[PDB]
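Down below is the structure, laid out as structure tokens.
Chains as they are written, first to last, in my numbering: chain A, 1 to 37; chain B, 101 to 137.
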């Protein structure tokens, strides 16, 4: 059960800070940081 | 091994579209909409 929603609840499982790091990683990885960074 | 990094490769494992829906999901859920943010 690896649904998109299932992932949502994952982000709502950790702290905001922990999510900042996650998103930050993707930002650099996928190099898609062009939206009010 | 539910590490942040492990999740990174997860977002790079799915299709762009699937990722679009995801991002869009959280966007609404967490309502993190700050004028194109």
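Every residue, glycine too, gets a C-beta built ideally from N, C-alpha and C.
Taking a Cβ-Cβ cut-off of 7 Å, the neighbours of residue 21 of chain A in chain B comprise 104, given in sequence order. In the three-state reduction of the DSSP assignment, residue 14 of chain A falls in the coil class. Scanning A/35, A/10 and A/21 for the CA closest to the CA of residue 129 of chain B turns up A/10.
Between residue 126 of chain B and chain A, the shortest Cβ-Cβ separation is below 8 Å.
About 17 Å separates the beta carbons of residue 8 of chain A and residue 117 of chain B, which is beyond the 8 Å limit, so they are not a contact pair.
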